[PDB]
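Asker: 3D model of this:
(chains A, B, C and D)
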Amino acid sequence: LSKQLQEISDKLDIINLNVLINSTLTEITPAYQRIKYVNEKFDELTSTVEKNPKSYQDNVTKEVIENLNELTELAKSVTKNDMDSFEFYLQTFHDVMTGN
Amino acid sequence: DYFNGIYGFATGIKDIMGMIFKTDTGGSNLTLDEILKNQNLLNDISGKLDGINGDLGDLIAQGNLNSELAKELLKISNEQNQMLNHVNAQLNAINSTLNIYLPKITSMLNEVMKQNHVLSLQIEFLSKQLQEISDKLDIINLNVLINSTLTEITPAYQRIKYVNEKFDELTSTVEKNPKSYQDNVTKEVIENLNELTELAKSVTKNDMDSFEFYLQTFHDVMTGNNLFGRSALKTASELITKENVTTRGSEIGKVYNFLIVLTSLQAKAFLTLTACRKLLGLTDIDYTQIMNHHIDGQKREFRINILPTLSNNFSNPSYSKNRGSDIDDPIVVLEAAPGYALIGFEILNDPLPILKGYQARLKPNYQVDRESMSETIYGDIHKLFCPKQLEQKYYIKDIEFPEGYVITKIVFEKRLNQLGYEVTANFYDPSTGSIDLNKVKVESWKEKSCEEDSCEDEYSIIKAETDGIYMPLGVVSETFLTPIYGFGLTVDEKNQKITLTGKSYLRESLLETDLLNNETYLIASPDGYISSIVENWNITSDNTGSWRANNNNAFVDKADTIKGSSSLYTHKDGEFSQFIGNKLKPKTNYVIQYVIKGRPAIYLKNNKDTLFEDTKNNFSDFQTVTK
Amino acid sequence: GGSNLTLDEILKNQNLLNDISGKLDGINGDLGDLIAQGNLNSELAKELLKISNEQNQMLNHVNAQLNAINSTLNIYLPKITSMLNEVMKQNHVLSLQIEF
Amino acid sequence: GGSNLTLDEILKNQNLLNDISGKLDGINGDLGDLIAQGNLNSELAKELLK
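Answerer: Numbering: from 1, shown residues only, chains lettered A, B, ... in the order given. The coordinates are given below.
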């Protein structure tokens, strides 16, 4: 049902009341972009899953610097989930979708 | 020269990355916090305090002293040692940096600057070309879908371009290792230090909740994966295919040029990001995979759901009213060499109405050779295109040969104001680039009545008005020179304007090479001329070749007035000489053009006659003139 | 009090660092007093003095960190908590003025 | 000028230099009054004097 949305995308050349769909999109699309971006950081999580079999076996005190690296990408991404930020974007997105 | 296409450009940026990715950092934690201007000052403190502390510590180590006095002196020793230790720690950090790191980093950065400049020369042309396209496009009757992509893309684009610009220029204006920013005197450590600090501040600001968000979403909007999947590529296609945009090149040319601009932007940004990372400390990230994946995604988009919808039809960009003739039967032939092929046209009038025709050999998959190119200039083309107070018969056809053939000779016929022509094509092989010379096809008549019945009818006519007929004006070619298989004339006498038109192989010329990631070889449309009787007329290499200056006030000087380009400089006696007599055939017209700043003294002299001389105009900023 | 409430302070080792500080203080005091006794082999004195310097440096930076943490958790957090608790109630009161 | 060699970290170096001056003065005071106690061999005083 994600793809079917494109079957509307191609044929939604709609006019004559575009002020509303200018206002709403200009207001919503940043949060949407950001949420999708955060999500794709979990395709790179899957990349770390692919990494996993390369170090799942040598967890005998070697991980202390091996697997403290090899995931620093996530260790960063997560730190970008605080501090007057992404939480905010999720919240305001919900607020608009509900219409508050 | 050549433009090696988006795939080659990506390979170049990837090689630059692979270069910078490896060299070194030693960790070295380039945090700007280091005062870095007291490498001299702290050294004095370190030395003096070291001497004092050593003296006092040795006095203690002598032993044999009053016990409480020993405790007091030991506490003094501890305090002094603490102060000195933290001071020399700061100094040691600074000096370790200014000896181990700045040489390494400066070297790598200087290396990255040159190859960046080289790759920028690969799109300098299309930069200004897209600028011009932006100048002549109007968005009237736009849909909400357009405003959609505009608001979805504009901030990311703004910031990506800004960063690319800023970093790329700062790569240059940062003093290199000659100074090594050393303690040498000062004010090198004000200015070079300010610039280094600014580089540091910029690269630092590239690791947060931004700019790996901006890049990604930019790529997404391009591919068309936003909240309702409208690729900005498609909306740009729609905007461009809207008319009133009549400039050089067809639809495919313009949209592909747009995608070139954007893909070059993205690759440059990836390079900048990796450079920032290496310039900071550790955790290199091999972005090449993501960059290639994104580029291939955008190219797949462009290939699948835009390209098959566009036309290779291309028209003259402008028109011009001109008074021609009727009592003449002008005949014009534009016949490429037997191993050549027509690759576009151009109409100029400033010296006089002139049609110019380019020709060249072919490389496989409809690729043109840079050399073997040739420009040919023809005379009073208006007299073929324009009447004088009498009607003009114009037979109008969309002549096109089958695929694999290439238009190889276009002969014009105007007989008592009846303007027809002759289009002859030869066979060509895309796999080998070879053009056959024994399988041709001809077209003698220029209408649809002859197209369906081989009967003479269905021309169009123009009633000669007073001031002149709007004749074609400008360039007749795709943005990239390309053998054409379609040609025609489509005059619209309703407003008394004529228009040429052809169909280009550009689609197949690239679909086999670029969008399949192979060695592409295109050539941007030459804005001006390409050859000259004057050998090395384009003096830039600080070498004169056949040019000669018989005075030291006449010198070559790549930076004559600026390093941007050379322009033979002469002051108060300067004379640049070149024997040219052997090549000018007698009793033949010649057009002259040159870009001159100041007031030079120009002469075409055989020591007896000066066939031309201009010594009057004063030009502050390199005005070009043609006579 | 200025008190520079920078979060950097580990602030969960106020116990752990104290053990290190105490033990190293005892050791350094013993060795320094042994030196201050004087009347000892000169080069041996130089060696022990260098050991003293190294230990004193380590201990000094450690107890500096501890002193920052403890100065905070004694001088600042009471003050700040009091002021914050005070600001909470009056905020709530004023919010009752526009709840409707 | 002055910051011709600085970057309005005149203040940063200024405070650093001030702290260093304070610590050095505090050390010098203890050294001086320990001298004032005196009552030592000449060299074991003269070296401290130096």
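Asker: can stretch A:70-77 be found next to chain B?
Answerer: Yes: Stretch A:70-77 is in contact with chain B by C-beta under 8 Å from any C-beta of the partner chain, via A:72, A:73, A:76. No exception for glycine: its C-beta is placed from N, CA and C like everyone else's.
Asker: Can I get those in JSON lines including distance to residue A:60, neighbour count and secondary structure?
Answerer: Converted to JSON lines, the residues of stretch A:70-77 next to chain B look like this (distance: C-beta to C-beta, whole Å; neighbours: other C-beta atoms under 10 Å in any protein chain shown; DSSP: H, G, I helix; E, B strand; the rest coil):
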{"residue": "A:72", "distance to residue A:60": "21", "neighbour count": "13", "secondary structure": "helix"}
{"residue": "A:73", "distance to residue A:60": "24", "neighbour count": "17", "secondary structure": "helix"}
{"residue": "A:76", "distance to residue A:60": "27", "neighbour count": "14", "secondary structure": "helix"}
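Asker: Which single one of those is nearest to chain C?
Answerer: The nearest member of the residues of stretch A:70-77 next to chain B to chain C, counting by C-beta to the nearest C-beta, is residue A:76 at 17.9 Å.
Asker: Now do the contacts for the closest residue to that closest one other than its chain neighbours.
Answerer: Excluding the flanking residues, the one nearest residue A:76 by C-beta to C-beta, 6 or more residues apart in numbering or on different chains is residue B:207, at 7.8 Å. For residue B:207, the contact set (C-beta atoms under 8 Å, 6 or more residues apart in numbering or on different chains) comprises A:76, B:276, B:277, B:280.
Asker: Can you name the two of the residues you listed that sit furthest apart?
Answerer: The span of these, defined through C-beta to C-beta, is set by A:76 and B:276 at 14.6 Å.
Asker: all helices for chain A, in order.
Answerer: All helices of chain A, identified by DSSP state H, fall at A:4-9, A:20-51, A:72-79, A:87-98.
Asker: what's the angle from the third one to helix A:20-51?
Answerer: If I follow you right, that is helix A:72-79. Interaxial angle, helix A:72-79 versus helix A:20-51 (axes from the mean of the first three to the mean of the last three C-alpha atoms, to 10 degrees): 140 degrees.
Asker: For helix A:72-79, output the C-alpha coordinates as PDB.
Answerer: What follows is helix A:72-79, C-alpha atoms only, in PDB (Å, rounded to 0.1, in the frame of the first residue of the first chain):
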ATOM      1  CA  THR A  72      30.100   4.200  16.100                       C
ATOM      2  CA  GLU A  73      27.700   5.200  13.300                       C
ATOM      3  CA  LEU A  74      24.800   4.200  15.500                       C
ATOM      4  CA  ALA A  75      26.600   5.500  18.600                       C
ATOM      5  CA  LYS A  76      26.400   8.900  16.800                       C
ATOM      6  CA  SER A  77      22.900   8.600  15.300                       C
ATOM      7  CA  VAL A  78      21.500   7.900  18.700                       C
ATOM      8  CA  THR A  79      23.200  10.900  20.200                       C
END
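Asker: So what does the residue of chain A found nearest chain B look like in phi/psi?
Answerer: Per C-beta to the nearest C-beta, residue A:18 is where chain A lies closest to chain B, at 3.9 Å. Per-residue torsions, residue A:18: phi -80, psi 0 (degrees, to the nearest 10).
Asker: so what's the backbone phi/psi at residue A:71?
Answerer: Torsion angles, degrees, to the nearest 10, at residue A:71: phi -140, psi 0.
Asker: Now do it against chain D, distance only.
Answerer: Distance from residue A:71 to chain D, counting by C-beta to the nearest C-beta, to the nearest Å: 37 Å.
Asker: likewise residue A:19?
Answerer: 50 Å.
Asker: Then residue A:4?
Answerer: The value you get for residue A:4 to chain D, if C-beta to the nearest C-beta is used, is 59 Å.
Asker: And residue A:54, by the same measure?
Answerer: To chain D, residue A:54 is 46 Å away according to C-beta to the nearest C-beta.
Asker: cool, and residue A:53?
Answerer: Residue A:53 is 50 Å from chain D, where distance means C-beta to the nearest C-beta.
Asker: for residue A:28, same thing?
Answerer: Residue A:28 is 43 Å from chain D, by C-beta to the nearest C-beta.
Asker: Pick out the residue of chain A closest to chain C.
Answerer: Of all residues in chain A, residue A:83 sits closest to chain C, with a separation of 10.9 Å (C-beta to the nearest C-beta).
Asker: Can you pull the phi/psi pair for that residue?
Answerer: Here is the backbone geometry of residue A:83 (degrees, to the nearest 10): phi 60, psi 70.
Asker: ditto for residue A:63
Answerer: Residue torsions, per degrees, to the nearest 10, at residue A:63 are phi -50, psi -20.
Asker: swap in residue A:84?
Answerer: Main-chain dihedrals, residue A:84, degrees, to the nearest 10: phi 60, psi 50.
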